[PDB]
Structures are given as C-alpha cells and as structure tokens.
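Under the entry's author numbering, read the sequence shown as residues 42 to 83, 90 to 304, 324 to 431, 436 to 806, 839 to 983, 1015 to 1030, 1063 to 1108, 1212 to 1659, first letter to last.
Every residue gets a Cβ at the ideal spot worked out from N, C-alpha and C, and that includes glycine.
One structure is given below, encoded as structure tokens.
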Amino acid sequence: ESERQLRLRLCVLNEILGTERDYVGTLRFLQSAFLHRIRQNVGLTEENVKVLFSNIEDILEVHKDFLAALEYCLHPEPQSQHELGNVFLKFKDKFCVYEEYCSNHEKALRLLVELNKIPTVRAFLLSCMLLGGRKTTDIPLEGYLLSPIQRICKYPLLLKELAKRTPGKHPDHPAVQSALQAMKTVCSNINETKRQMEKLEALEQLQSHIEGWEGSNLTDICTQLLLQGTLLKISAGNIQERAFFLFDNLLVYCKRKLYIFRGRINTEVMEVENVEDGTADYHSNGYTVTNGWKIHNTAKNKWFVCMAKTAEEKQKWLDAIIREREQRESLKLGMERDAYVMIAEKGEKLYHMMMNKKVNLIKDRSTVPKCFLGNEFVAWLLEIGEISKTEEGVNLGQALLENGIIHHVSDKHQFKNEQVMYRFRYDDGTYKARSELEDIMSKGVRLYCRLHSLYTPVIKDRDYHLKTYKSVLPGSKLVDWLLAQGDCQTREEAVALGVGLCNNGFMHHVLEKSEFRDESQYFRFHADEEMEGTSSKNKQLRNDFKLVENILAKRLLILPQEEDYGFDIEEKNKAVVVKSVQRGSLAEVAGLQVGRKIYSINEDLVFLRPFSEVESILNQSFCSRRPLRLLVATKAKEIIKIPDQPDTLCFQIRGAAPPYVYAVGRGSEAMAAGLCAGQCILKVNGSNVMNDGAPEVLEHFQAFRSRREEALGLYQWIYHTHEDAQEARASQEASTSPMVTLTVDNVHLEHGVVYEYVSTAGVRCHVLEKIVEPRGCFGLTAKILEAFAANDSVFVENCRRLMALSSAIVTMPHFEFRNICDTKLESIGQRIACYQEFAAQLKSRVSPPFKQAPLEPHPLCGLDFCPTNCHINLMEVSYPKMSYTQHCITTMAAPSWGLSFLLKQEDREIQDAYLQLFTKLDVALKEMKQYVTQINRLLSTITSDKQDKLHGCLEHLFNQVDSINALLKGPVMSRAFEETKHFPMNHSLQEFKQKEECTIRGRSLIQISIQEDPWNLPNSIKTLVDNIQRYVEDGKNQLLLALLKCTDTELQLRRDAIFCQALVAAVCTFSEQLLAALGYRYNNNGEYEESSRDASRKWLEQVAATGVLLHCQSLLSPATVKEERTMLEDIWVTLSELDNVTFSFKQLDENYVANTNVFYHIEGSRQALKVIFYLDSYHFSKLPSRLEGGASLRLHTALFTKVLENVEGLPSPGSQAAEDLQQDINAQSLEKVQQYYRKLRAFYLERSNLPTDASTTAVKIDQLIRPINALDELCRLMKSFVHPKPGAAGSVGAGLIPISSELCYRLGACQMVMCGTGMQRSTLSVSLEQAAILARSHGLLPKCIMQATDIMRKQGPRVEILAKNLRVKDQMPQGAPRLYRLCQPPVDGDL
C-alpha cells in the first residue's frame, strides 16, 4: 500500500493548506469589513468594536506568519519530501495569543447575542459582511466568532492526520509527534479550546470505532451526534438489521459487528414520510409495517423504510429527525429573513436618500425612465460614507440587484460600477397591501354577524338631536367593541377597519358627509338600512336580494347514450319543458315525463335562460359525457292512465299502507304512461286505496285477475331502490283500448326557492335553495340495521361457540354467569330478529319519505332508526364573475328515543378498548400468517448477502410477535380476564404473563436453528407461531366473552338507534357533499376567485388526505327544554362514536335503479364500521387515487351548541350543569376542529412543496396565507367563545353559531344543523348560514345580508317543513338576537 500512504500524506498537506487559505481568508475579510467599515459611518461604540473583533487582529498576524511559514515549506505545491513540524514548534509559543481571546470569547458571544436583538445594530453588523464580499445567507458571524477557536483545535487533529500517513523514515516524523504533544497541550491548557477539542474528540472517537469509512471525516461536517441505535432497514433486495447514527448534517448506517461502514446520507438530500400501523405496499419492497417511516434520498432517487421495535423508538427517531430538520432550516430561514430585511431597510433608506433633490440620481435619461448610473451610486455610497472601498460598492449594488431591490434597464447586465443604467423595483409598483382589502368582506360579515348575535345589542335605536335613529352604532363604541373582542390591538387598527368597511359599502355615517372616525358620530350598516326602510325616498328601496319563483321538483339522473341522453326539450308558455322522452331510454328509466317544466340542468337554472342557450347547455354536458342532473316540475299528487293489457302486467306493486310502485319494466306502456318506481298509490279508477293492500290495487287490472302472481311479463325490470334490484337479481339466480287510471303521490320531492340578487361585481346572480328529502334514508337505515344484524350474527355465533366449549357447570357462580350470558345471547338474538324485521319494514316503506316527528310515543319500530325530519338544504349558486357551486347543509331533528348521563363513560371507554383490542389482535395474527408465507417464499428463492437479508426478515417476524405480546400483556386484557373469571379456559392470567418465557425459548431455538441447521428453521417458526396463534385466539375469546358480559343490551339498542339516525344524516350529508364535489361543485374557497373544478378537486384530495369533518350546529336549548337536553346528551356521545366510522368507495353500475348515483353498503362491527359508497363509473373516476385503491376515509366530527334565545332569570343548580355540559361539548369540538385544521395546514404545506415550477409554489404560498390568516382568526374567536377570559363572559351572545359555521365551512366540513323539531330553530341558522355564504363567498352585496337572512326565514322553501309537520308544536324564538328573529315590517310607511 505504498502509493496510498504517499498520496494520502499529500492529501493531508493539501487539506492543511486549502483550509488555512480559506480560514486566513476569513480572518482577512472580517478584519477588513468590521473594523474599517464600522468607523466610516454610524450605532456601535469604540469599546464594543474592541470587545467584538480586536482579538482577531492579534491572532490574525500570528496566522498570516504561520500561513507564510507553511506555504514556504509546501512550495510550489505540496510534495512528499516536505517538512512542517519545526513550523508548528516555533509557532507553538505564538499560539498562546489565544489565551486572551478565549478569556474574552464568552463576553464577545454574549455581546453579539444582545447586539443582534437591536434591529439597527444587527442590520449594521450584517451589512459589514455584505460589503466585505461575504454572502450573509451562507455563514453567520455567530459561527465566525467560534471559527478561530475551532481552527486552533483543528491543528491537533491536522497533526494527528499527517502522523497517520508519514513513515518513521521521514525526518518530520519525530518533530510531528513532538508537535502533536505541543498542539494538544496548547489546546488543553485553555478552557474554550478544551471544550471544542473534547466535542471533536467524541466525533473522532466514534470514527475510530468505525472501520471501512467513506467520504469526509465527522469532525469536518458535523458538530455532534444526535442519536444512535439499531433499526431494521427494509430495502429493495431484502431487510437488513443495522445500526443508524444521526449527526447534525449526516445520517450514517453500518453493519454492526464497534461497527463497519455501509453507507451515509446528508440530511439535506434526505426526505421523510410517515406510514400508518397495518399499512403494506407496492412500488415499495415491504410488508405489514407497524412502528415504521419512509426515507427518500432525493439525489439517488432511493426510497427505504426504517422500522423500530416499539412505537416509543419510532417517536424518538422521528422527533430527532424533525428537530435536526427544524434546527438547520430555522438557521437558514432566519439568516435569509434577517439578511433580506436589512437589505430592505438600507434599500429603502438609501432610496429615500436618493429621491431627495439633494441627490436626485433617479432621473429619466429609446428614452429610459426613472433610472440611475451604477458608478454614481457607488461614488455616492463613498460620499455619504456608507463604504470605504469601490469593491464594497459593487458588492452592495450586486446584492441589491440579486435581492430584487434594483435591476438593469435593457434586460442584459449584472451590477458593475460602469456607467450602466439601472432602476429600483419600487418604480414598476412591485409592493402592495391589497390582502387587507379582500379580507375586509370576510371580517365585515363576521363582524356584522357577531354584533347582531348579541342578546343585549350594541347596534340599536339611538336618538341624535332629540330625534330617533333606528339601528345605529357610535363609531367610538364600534372601536371599543372591536378591541374588547381582540379583533384589533389598537384603536388605530379599528379605525382603519372602519374606513375600509365604509369604502366597501358595509356601513355609513348617519349623514353622507363623514368618514369613519373614533368620534361620537352615528354609524349604520346598510343591512339595517334596507330592513328598517331608512333610504331617502328618491332611491325607491330597490330590493337587491329578491325572490324569483317557488319550485316543486323531482331530481333525475341520466347517463349519456350512443347519440344523446335519451330526450329532447322545447319552449312552451315561456318555459323550457320536456318535448319527447325516448322509449326505453335511461331518461325514461329515470322517470322523465313529456310536458314537464325543467328547473335546472346540472344545477344551472335553465328556466331563466333563452331556449337556444339551454340546448347549448345540454349539448355541452353531453359533449363532455357528464352524467346529467335535472330538476323537473313534479306535483305532490298526480294522475296516470295505463292500458289494461289482457295477457301480462308490465309493473310490480307492494307495500301495505300505502301501497307503492315497487318496480316498472323498461320501455313498457306503464312507463310511457308515467308509472315510475316509489310512487305511493292513492286511488284506482277513483276508488280510494290509501289503506288497502297491493292485491286490492292489482285486482283492478285484467291480467292480475286472470293470472295472480304469474301476471309479470319478461320485461327488463327497473326498481325503486338498489335493494329491490338486488333481491330481484338474487331471486332470478335462485331460479336458474281499455284503460285504468291511477292517482299517485310522488315521494322524494325537492321544494326550492330561486332567489335573485345583484353581486358586488355588479352582475346578476341566482341562488337555488332546496329542501330535499334524503332519498337513501330508509334504504340506508335498513342497510345499517342489516349490518348490525350481520355483526351481531357473527358475535352471537362466536359467543355461543365459546359457551359450547365450556361444557361443564362446576359451581353456582358458573351457573349464574352462564345464565347471564345465555340470557344476553338470547337478547342479542331478539335484537338480530328485530333488525331483520325492521329492515324488511323499511324496505317495505316508501311514504312518508322522511320520519315526521312522532305524534305519540310507541314501542320500537323500523322508522325509529331513520333520522327525524331529516332534510338536506342544498344551495346552488349561479355565476359570480360560468361559475356553479353547491353547498350542502343537512337539517335533522336532534336524534331521539340521555346517553352521556346513562353511560358511566368508563363503560363506553372500556367497550371501545375491548372492541379495538379484539380488532387489533385479529389484524396482528392476520399479518403473522402472511409473514410465515413471506419467509417460505424467500427460502424457496434461496434454495452472507442471503444471510443478511434472511436475518433481517426473521428479526422482523420477531418484531411482529412483540407487536402481539404488547397487546396480550396489557391492562385491557387483564381487566377482561377479571370479568370472564368464571369461564373455563386452557390458560389463567398468570400463565400468559409467564409465557413470555415461551417466546424467549422460541427465539433461542430459531437462533440455534440459524447456527446449527438452517433447514429446521420453518419447523421452529411453525412451532412459535402455532403457540402464539393459540394465545391470540385465547385473547379474542376472552374479549368477546368480556364484551358479552359488559354490554348493556337495552342501552345498546338505544345507542344503535341514535347512531343510526345520526349516521344516516351524516352519510346523507356527506353523500350530497361528495356528489357535489365529484360533480365539480363544492367550494369552501369561492372568496379567492377559485374555479369550482379546482376547489372540488382540492377538497376531494384534502378529504382523501385528512378525513371528512362533519360539523354540527347542535342548536339545542339544554338549559331550558328537557326533551332537547336528552337529544343533546345522546348526539354528543354518538358523534364521538361516529368518529370511528370509515367511508370507502367502490365502482358499481346499475341501469336497473332510477335516480341514484350512490348506493350505500355497510361492513364491519359497530366500532370500526365501514360505509362503502358505491358510485357510478363517472363519479368513481373523479375520486382521488387513494380512495379509488379501496383505502378507508376517516370521519371526524365536531358539535357546536349555543342557545338561540337568551336564558331569562338566574339558572337553577341543574340548569348550571346543563350549561356546563354545553360548554364541555363545545370544548371537545373545538379541539377536534383545531386538529382537523392542523392536519389541513400540514397537508397544504406538503401540497405547496409538490414538484412544480417554483413561481407556482411562490404564488400558492402567497395565496394560502389568506385562507390561513382568516382560519387562525376564526380559531382565536372560537377559543374566546368556548373559553371566555374572566370578566369577558356573557358578552359574546350566540355568535358561536355564525362563527363556528364560518370555520367549519372554510375548512370544507360536511355541515349539519339540528334542534328538537328540525323545523324552526334550524330554519334560523340555515337561513343565516346560507345568507352569510352568499355574502362571504359569492359577493351578495353586504346591504342584502340581513334581507336574504329574513327572506329565507319567511319565503324560502323551508316553510314546507312546517306544511309537512302541521301537527307538531314548535316555538319561534322570542328571546333571540336580531340576526335570528324575523324583522317586523317598517313602521314609517312608504311600501
């Protein structure tokens, strides 16, 4: 190895020289810049210069002499004959100059920290570096003060390295070893170098324990180790047990036999991604991960996966990784920030010192506007005294160019001293504040709403010059109130808000003449002006939000065919109507009828448009193959006339009271007569049948009288639900002119009001609010009931099997426990029979198409699982600045029979723990079965590289086994064994705890197999795994038996009902919101001009990444109404349980079911329930790839609850507890929204980093700051609503509702609204939320916000909930804030 040692010594000699050149370079530029440039112009004092830099000077001379003395030996270049030792030995005494420096260094750092707290001094100190020629963003002065103390400590290491290479024959050898004793003793006598030496000693020590090392030494690229340990490197090829060392810029991994090098990664070219427990992969080499994360070398494009034994070690590793990332990134962003701002502060100062006539350099000179010459600027910098050397000036002028303060006029040149023409980026207007102007709408709406939500209002009637003004706010009281709520820190900021509100037409002074001031002047929102009727007469009170037309409509869905959708349109009586429906078309199958008026085409209100433009909308939808969504005029009762054929029917009927159309044949005379599925038959040839069976209806028809059940006729049948289409298909698989007049009731009708308004863009807009009966509700309630019956069939079947393994009854406590268990199994049996019946009831019911609030209490029935008064409030909007959006807010009565009082919440939390523990233990054994298969696969492919891979796999198997032992050992299983203590089993609690001795023996036998006979390894694995499977099943069995015993079957029946009502409403809400989004119609972000396609795609990808948030305006009066309190105490516990629900999606076509994009299905136990939203090919293909691949979408819930009236009088001790319970609900909901907001923020940070043109990332970041600044405001507000500070309490009113509405709207939640009836309080919140959505997102002119809010609560489609529930007593809120009351009509006349 002679040539190696030869070239290696030359490399040490080069490293000494090369690193000293740049280090003395460092000392030279710092001396030049700091001392001389600080004295030219001035805040730093003479003594402060002395303390900072002067001990550099005394070092610097010794180091220049040392550099010369080294460069003299190493002439003309470093050569193998050279000596240096004597040059150290002579300098050894000269290096004792460090004794003063080190004694002062602590004082110099301690000065620098304080001088960096003073903005001017920090900027002056960075300026020194900038003019010198050093990029400020690359090295800190904070580092430079240490850099001398580092390099004296390096000299011992430098000698040690030269000594590693040089042979004993070389004459420098004895000098170098003497010089090592010297440079060591030098650094050892001084505390500061001793510290730097011991911290380097650790790095060299570790490197000395590592063999095989590649790349640069640890001392030279890292300051400290951060973390050390063994992990499983899962990698391409196969798994590798390894040691991992993390150091401050470098991760290095080694084979563990002291250690042997394998490879290293710079923490810059690293990237990290987390993976969830139970995840497995394709396009990555792994298996069922738990306790892992993924690493990406961005330089080599290499993924690999770490795994740790425990979660605690996963967390220790990801936390150290995150910290190292944040420390490096925070220095870099802190230096870039600090540096940019001083360049700005100087740039602006010097700009406004150049714009005065004392200087005037910025002149016009093709003609070039507002320019200057670089020579003159540098000269002027020397003349004013800002520089000492012209070189500094070209450094500053190039820095102001590269930082964007200036540029060249011709698009050619950098900055030069050279009479070249330049210009400041001020001149073309590159700076502005307009982000404070777009947010003034949102702030305005949020403000108006909070003020009018006050129970003791601050906007009110007040007299001026002894004459009443009606709805006025003193400008100074507005300021006092903006401040008291924390919206603005200063009165000045509140005045700036006030001025911009007045400019954007929110409010005015009581005379035209004044701006907003902090004076006693009176101010009034135009939204009151329009409602109290207080315009001057010559403006006619133009109602710029008005009603257009009330609609009653059936929603159809049509998939495109070979030439069209299956129909034509015509203009008739100045309306668009259905001209002709093609026989046997998918439109006929939807139930489109000839002569019907059409209210919307893909949510565009086509009745408002010219006929030639509507044909173009149909065509554009068809050309883009969109699934068509109509609204068509349909009456609540209808007359249909059927040809009575002699041989066969063409339709099916069933249902008792009322009878209903179960099915109809495609292309039939019945279908062409307009018979359609779900129609509930009232009369036949005049004869009433509304309480008469399907046979009585069928008996009118000649074919039925002839053939009875055989009367069906070999048509392709179409059906009322997918449930009916399934039971028909299954029935098929198990087997392989005279007239009649029907008067029918059309179920599933949407009642709508088209509002018109003029937008803030000055253009006309329409809103289609609809109250919709959720078509799926009865079918979905049956499917959830079926799923609970299926789960309970699996539960009863397991627990009966276990009681059949316990053959003996040895003691009376065994008999008592068995009798309890037998009874509870029979009870769950009775529950299974009930839910199958109730599902058959619900499948056998079609009217009323929503649960009315029950007129009377009664014993339990199938409708008690459907949500009471469940209706979806759609709100479609037509083009602002052609845009379409479709907000969804479901309304229901709060679900009803509370649970939070009935449950010892401990029982629920134990039952969660048991059902999750059982689900986990079952998954962990399911992986363990696949693991033994993957090892047998590897062994077949094999029959030291193979040994490393195999050892990694076998270790990972034992890790999985530990990922079971930690579940079986736990306190949850121990408590289960204490509950099941009467039941006979093969193991006691003491046994399994002691059976870690069985896994220690098994591991030792596997290791013995690896050492003595590698072909006995499968037998050893099988033995270990079979023993563990017996323990896992014995755990599963104990947990189902503990569950059977601790389940209260009566409460569970209730819970299921509340859950079923809630989940149905939730799933219906999300169904509608999902179908809006998958239709390119959801948009929480219409404020920011955003195209609804993009907003929808962003929400879909967001929901895939984050979960669905369901937000409930709980809107119950628990302090006052005992019924509503029981509904609150139920829904709170229930939404906590709905958090465990996972949505998921699958493609499934029909063309055998009318009008249903979605067919739900349900899988999984109560805990971890899964809803499969079966979607059509079109909507499924608009899912994100995460959800298309079958992955689970998690539901998060929040529930915000404020009384819409005041509480009058002092609360009783019970009412105080109701308010406290209300406050707890709001607290838990605030934490859960904040988490969803954090997970959205994190998701947006990742999204902004996605590999794209850097200009688009910068624009995205500037965009995303506005939503986030508004959201952070809404969070501050929510915290002050939910946790009011001492003495601010009561001052906030019901504002929690419009504000938590705004929050969960902004986040993109599915929105739900509830009250004891679902038919009055709910109208007041939905009407406000919709009016606020219009005002904050679609630019409804702010003067109209209350007008829409009251018109909606008077004339909107919601009054139809009262005209469908006339028998239900409800109370319009008398104690409500002016935002929630109806406004009385104006008293002064002139309407």
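What does a CB cutoff of less than 6 Å around residue i pick up in its chain, not counting 5 residues either side in sequence?
| i | result |
| --- | --- |
| residue 1361 | 1348 |
| residue 858 | 616, 618 and 868 |
| residue 87 | Between 83 and 90, the chain has no modelled residues, which means residue 87 does not appear in the coordinates. |
| residue 737 | 653 and 654 |
Out of the options, state which residue places its alpha-carbon closest to the alpha-carbon of residue i.
| i | options | result |
| --- | --- | --- |
| residue 1243 | 1354, 148 and 1311 | 1311 |
| residue 1612 | 692, 577, 707 and 723 | 577 |
| residue 670 | 852, 702 and 861 | 702 |
| residue 250 | 294, 281, 238 and 1595 | 294 |
| residue 946 | 190, 1247 and 726 | 726 |
| residue 863 | 1606, 187 and 112 | 1606 |
| residue 245 | 280, 257 and 204 | 204 |
| residue 1236 | 724, 1346, 1276 and 1087 | 1087 |
| residue 386 | 297, 917 and 1440 | 297 |
| residue 111 | 63, 1659, 1308 and 369 | 63 |
| residue 1499 | 1551, 1461, 1476 and 1520 | 1551 |
| residue 893 | 933, 917, 921 and 875 | 933 |
| residue 85 | 384, 1368 and 1355 | The chain lacks the residues between 83 and 90, and residue 85 is one of those with no coordinates. |
| residue 542 | 1103, 596, 1324 and 338 | 596 |
| residue 949 | 784, 794, 750 and 1095 | 750 |
| residue 1423 | 1530, 49 and 629 | 629 |
| residue 193 | 67, 274, 209 and 74 | 67 |
| residue 1373 | 754, 532 and 1506 | 1506 |
Could you tell me whether the Cβ atoms of residue i and residue j are closer together than 9 Å?
| i | j | result |
| --- | --- | --- |
| residue 1576 | residue 1371 | yes |
| residue 1296 | residue 1093 | yes |
| residue 254 | residue 264 | yes |
| residue 1317 | residue 983 | no |
| residue 1326 | residue 1028 | yes |
| residue 660 | residue 700 | yes |
| residue 937 | residue 890 | yes |
| residue 1583 | residue 1343 | no |
| residue 1101 | residue 1286 | yes |
| residue 901 | residue 1319 | no |
| residue 491 | residue 442 | yes |
| residue 674 | residue 840 | no |
| residue 1268 | residue 1222 | no |
Could you name the residues of the same chain whose beta carbon sits closer than 7 Å to that of residue i, not counting the 5 residues immediately before and after it, in chain order?
| i | result |
| --- | --- |
| residue 259 | 326 and 327 |
| residue 1216 | 287 |
| residue 332 | 296 and 297 |
If contacts are defined as beta-carbon pairs under 8 Å, then residue i and residue j qualify, I think. What distance do you get, rounded to the angstrom?
| i | j | result |
| --- | --- | --- |
| residue 899 | residue 872 | In fact, because the Cβ distance is near 45 Å, the residues do not count as touching under 8 Å. |
| residue 1351 | residue 1339 | Not confirmed; about 18 Å, so no contact. |
| residue 1646 | residue 527 | 6 Å |
| residue 1375 | residue 1462 | 4 Å |
| residue 723 | residue 764 | 4 Å |
| residue 1467 | residue 1543 | Not quite, the Cβ-Cβ distance comes to about 17 Å (not below 8 Å), so this is no contact. |
| residue 1443 | residue 1411 | That belief does not hold up - the Cβ atoms of residue 1443 and residue 1411 are roughly 11 Å apart, past 8 Å. |
| residue 1618 | residue 601 | 7 Å |
| residue 209 | residue 50 | 7 Å |
Could you pull out every residue in the same chain whose Cβ sits closer than 8 Å to the Cβ of residue i, ignoring the five residues on either side in sequence?
| i | result |
| --- | --- |
| residue 1608 | 615, 859, 861, 862, 867, 1599, 1602 and 1616 |
- Query: Which parts of the segment 239 to 270 are runs of the alpha helix (DSSP H), unbroken and 4 residues or longer, counting only runs that do not cross its ends?
  - Reply: Within the segment 239 to 270, complete alpha helix (DSSP H) segments of at least 4 residues are found at 265 to 268, given in chain order.
- Complete runs of the beta strand (DSSP E) confined to the segment 455 to 514 [at least 3 residues]: Here the runs fully enclosed are 476 to 478 and 491 to 494.
- Message: Give the list of continuous alpha helix (DSSP H) stretches no shorter than 4 residues that lie fully inside the segment 669 to 740.
- Response: Considered as a whole, the segment 669 to 740 harbours 681 to 693 as its complete alpha helix (DSSP H) runs of no fewer than 4 residues, in chain order.
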